[PDB]
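First, the structure itself, so that you have it in front of you.
Labels for the chains are A, B, C, D, E, F and G, by order of writing; each one numbers its residues from 1.
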Amino acid sequence: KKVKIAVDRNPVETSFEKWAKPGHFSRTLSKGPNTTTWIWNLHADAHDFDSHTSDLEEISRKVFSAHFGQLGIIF
Amino acid sequence: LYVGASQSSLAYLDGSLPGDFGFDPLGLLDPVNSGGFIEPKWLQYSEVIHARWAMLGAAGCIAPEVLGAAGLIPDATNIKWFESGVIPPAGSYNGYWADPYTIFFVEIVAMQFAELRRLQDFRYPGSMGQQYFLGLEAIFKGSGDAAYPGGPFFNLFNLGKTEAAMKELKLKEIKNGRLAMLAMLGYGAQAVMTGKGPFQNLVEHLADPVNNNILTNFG
Amino acid sequence: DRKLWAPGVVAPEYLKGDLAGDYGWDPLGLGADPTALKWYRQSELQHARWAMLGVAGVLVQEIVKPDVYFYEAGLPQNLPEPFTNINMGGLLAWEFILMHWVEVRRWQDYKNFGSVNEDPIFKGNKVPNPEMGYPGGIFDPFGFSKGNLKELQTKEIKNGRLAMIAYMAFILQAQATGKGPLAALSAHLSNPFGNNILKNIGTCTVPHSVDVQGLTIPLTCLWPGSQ
Amino acid sequence: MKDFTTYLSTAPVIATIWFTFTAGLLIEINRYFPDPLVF
Amino acid sequence: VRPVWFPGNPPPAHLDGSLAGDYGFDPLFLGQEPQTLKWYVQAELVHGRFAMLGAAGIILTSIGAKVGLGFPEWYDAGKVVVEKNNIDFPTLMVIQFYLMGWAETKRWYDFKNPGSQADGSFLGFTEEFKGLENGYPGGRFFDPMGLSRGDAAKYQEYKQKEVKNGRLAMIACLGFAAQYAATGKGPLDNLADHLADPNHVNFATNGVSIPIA
Amino acid sequence: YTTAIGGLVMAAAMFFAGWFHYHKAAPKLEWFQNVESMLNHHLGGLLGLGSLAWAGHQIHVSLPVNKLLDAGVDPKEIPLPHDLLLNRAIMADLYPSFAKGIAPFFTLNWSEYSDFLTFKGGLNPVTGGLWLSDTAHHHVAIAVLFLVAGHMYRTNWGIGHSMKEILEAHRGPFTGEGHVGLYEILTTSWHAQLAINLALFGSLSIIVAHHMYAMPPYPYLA
Amino acid sequence: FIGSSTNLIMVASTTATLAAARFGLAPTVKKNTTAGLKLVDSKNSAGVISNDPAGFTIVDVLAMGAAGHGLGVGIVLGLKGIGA
């Protein structure tokens, strides 16, 4: 009922550990490649945020950051 | 206490902070789900920093005109606060010992040392007292509050021996700082509207208030 | 307890009153390191003695020689006979050699206490040297140290501090007005409302440079006034 | 740095760097040797 | 404990103060790996030594140029030497590349296999190429005075002095390049211009460094 | 060139904002579901303040510079924008209403500003595009309309509306319950909001194409 | 400007809008309206603490000031638009 600024501090840590692990966002692609189809899947489910997890808060936060990156590209 | 108080802002404003009048209709000090820069410690620290900077600014913006009108300083000086080289389009003073960019580089180095050490003490309380700084680290320890560091230099005369006296002085500082901030905003607005100095506006308004105000200065 | 410099302030823990003239004044905390404190005490003693000598020299020079400016007294054309128009290079060589020798001896005394008291040429000629910066012996032939040395050292350091302030006042007075302290005092007494720091400031009587014989020495005032 | 090097060792980054190097070499070759049609 | 490049900031794990001139300055973590840090240590030492030689030569030549000796500036010495003396520029480049190639190749393969150059395959010399530490090649040829084989504390102090002087010389060479590209004269000419008028002759008045001035 | 440097700075700021909001201060789900406050801000602040700021730039820079360009003045001899923004003499010469300051605005004498806020219509016979005075007046009206619309929904005070209340109040005999549950659908599904936004956005883009060939707003565009 | 029709109309408009909300005749921060335009209690998140006998807070003053300004500006421009 109150409109305020709700926030969480340091939810995700800034690191390059996940950059070396392709397909970490999805549970199906986290295993690794076995066939070439997987590679295509890696690009088809990249922005599919409601498929990585069922938490609406995580999806909204990812959407917000995606919007900022898009505006940076436009600038 | 003041106008605009609310039951929601009173949940986190219990008079602990200095100058707490319960004026927070925008809810910026709510500790529930707080982060980044919108949090009580940083906000109070920023307010006291703006308070002190605005106090020096208001005094420095109204001092040369008052001293010039009193005949204490010569005619070469006594210029408007926005005509002293601050904004070259509004006017610049060439009587300095060097161009404003050289003095700006000096200010860059000086302000970087002061502000960066201040920030490092805020991020880590007491970390400015261990590393060697020509023996000056003995007075850069501060305290638990980054807004009120103290020590042999920042508290030269050791004022506020009693907790009540320190609280009274803190409230006086925050109130004078808020008044100075409003005065600085008024200085900028009057400079943009009237195009003259603040003391000149005060004199013109004191001569004939009915014909000298914001309503008559529109056109 | 001793009287502090400010009413209500608390003196530092490293300033208990052992040294002379200890008012518990150290806003920068430069005395936290004991080695640095001893070095600064020697530096303050040197500054105090040199300032007292300079202040007394300026005053006596203005009294005995009222027509010679103490600021421009360093020029070779203002030196008295038989040192007029003398080569400043040899003069600098003399001062450098003698001052270098005595200052190296004093520095060695600071680094290693009681290690250079003996005369290196004539054995047996030593100085007592009770504390650092207080050699005595040949330096104090009248023997005034065989008594209350605490109050005497306190008077020495206080007079030296006052002389330091006085000599800097002399320098700024000569830089803003262009005359000696006695002449400036007489000028101020002639008209206090006309000759003060309110009007004399902003003017730097010191020129941009001086040509001492062949080379040019750059000169400046302590503040960016009008040259 | 190990993770950063592993990321730079992935197929798209390696492909980008390799094709940039090959394209640059071919472009510089045609620049210093304009219009080569025969040997 | 030890001083750092940014007071209050904890030093990184890959910088524990064992190396000379260690101030914990690595915001990009370029030397987090041990082998990479070893390679970067040798690179920094070589850079500082070359920068020291360059700064000393440039300062001495500019000193001779300011006085009436006819010394050319550092940005024209190559042309003056090649045109004054009948010296072929590509021949000199090839000779320099041959000597530097031999020296740097021996140093590189010594970095890959420490102590390998001491096998005696190069004219029978063994202890002259055994090497002391990484980037510190002790021996009778590189250190004939034997300062690296005596008084360990003095050796560590000299190591700290060497790394600090090398970093200062690198900054000095960068300043030489910027000063020549912005003012057009030599470093001592800029120093004389600044000493003649420090309030009006600086980087804030050259008209190139600050474009909005 | 300065605008390019500013754009690069803004790009770095946008990237830093994304990193900060994902790894340093990530808002909760309740912050994203404040559609009333979000709409109030996007209507008043974003659209209204953007239109007002552009109106100010058009009145103080586009109007005098373009008027001088259409008057035959060489581009090098035209005064700089800050020169026009610093003194009232040049602006008063190009537009006499500027000699009165902001006084006619507060005295409800807006008719005095009839030299740079008109309804000329048609196109400029010299450049071929729309009159910039009309576009400036347009942006002023648009800013006032959006700023007024930005105070419609309730946020933290009693005044304002609740979109759920308005949706539930709209129900007729031929539709059953009506818009019940639509508020919960749009406040919890990003795909539904994306569908609505993409449809209206694409429609507005096509409308932009038609309005731009029909009414050319830029000089020498037609 | 003081005493002119523009000033009188604007002052009367602002005073009329301020008098209606305080005397329970216009929507306030404490009393909302239904679809049949009937006053009823609200659920304000702020809950501004006011000393007024009817609970007239500063938010009501700002809202009524804006409403009166809009009505006054429209009335003045409308009369100036019809030549009256």
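In this text, a residue touches a chain if its C-beta (ideal position, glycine included) is under 8 Å from a C-beta of that chain, and two chains touch if they have at least 3 such contacts.
Trainee: Comparing chain centres built from Cα atoms against the global Cα centre, which chain wins on proximity?
Mentor: So the chain sitting closest to the middle is B.
Trainee: By mean C-alpha position, what chain is farthest away from chain E?
Mentor: Taking each chain's C-alpha mean as its centre, the farthest from chain E is G.
Trainee: When contacts are scored as defined above, which chain pair ends up with more C-beta pairs, F-G or A-G?
Mentor: Answer to which pair has more contacts is F-G.
Trainee: So the centre of each chain is just the mean of its C-alpha atoms; given that, what is the distance between chain D and chain E in Å?
Mentor: Whole-Å distance between the two chain centres: 32.
Trainee: Provide the C-alpha centroid distance between chain B and chain G, rounded to the nearest whole angstrom.
Mentor: 37
Trainee: Roughly how far is chain A from chain B, going centre to centre by Cα mean, in whole Å?
Mentor: The answer is 43 Å.
Trainee: Suppose each chain is reduced to the average of its Cα coordinates; what separation in Å results between chain B and chain C?
Mentor: Whole-Å distance between the two chain centres: 41.
Trainee: Which chain C residues touch at least two other chains?
Mentor: Within chain C, no residue contacts more than one other chain.
Trainee: Can you list the residues of chain F that touch 2 or more other chains?
Mentor: Residue numbers touching two or more other chains: 24-25, 28, 107, 155-156.
Trainee: Going by the touch rule set out above, which residues of chain E reach two or more other chains?
Mentor: In chain E, nothing touches at least two other chains.
Trainee: What chain pairs are in touch here?
Mentor: A-B, A-D, A-F, A-G, B-C, B-E, B-F, B-G, D-E, F-G
Trainee: How about chain D: which of its residues touch chain A in the complex?
Mentor: For this pair, the touching residues of chain D are 3-4, 6-7, 10.
Trainee: Mind listing the chain G positions that touch chain B in their complex?
Mentor: Against chain B, the touching part of chain G is residues 1, 45-49, 57-58.
Trainee: Quick one: in the complex, what on chain B touches chain G?
Mentor: Going through chain B, the ones touching chain G are 3-8, 10, 25, 215.
Trainee: What residues on chain F touch chain B, complex-wise?
Mentor: 20, 24-25, 28, 82, 86, 100-104, 106-107, 156
Trainee: If you look only at chain A, which of its residues touch chain G in the complex?
Mentor: 1-3
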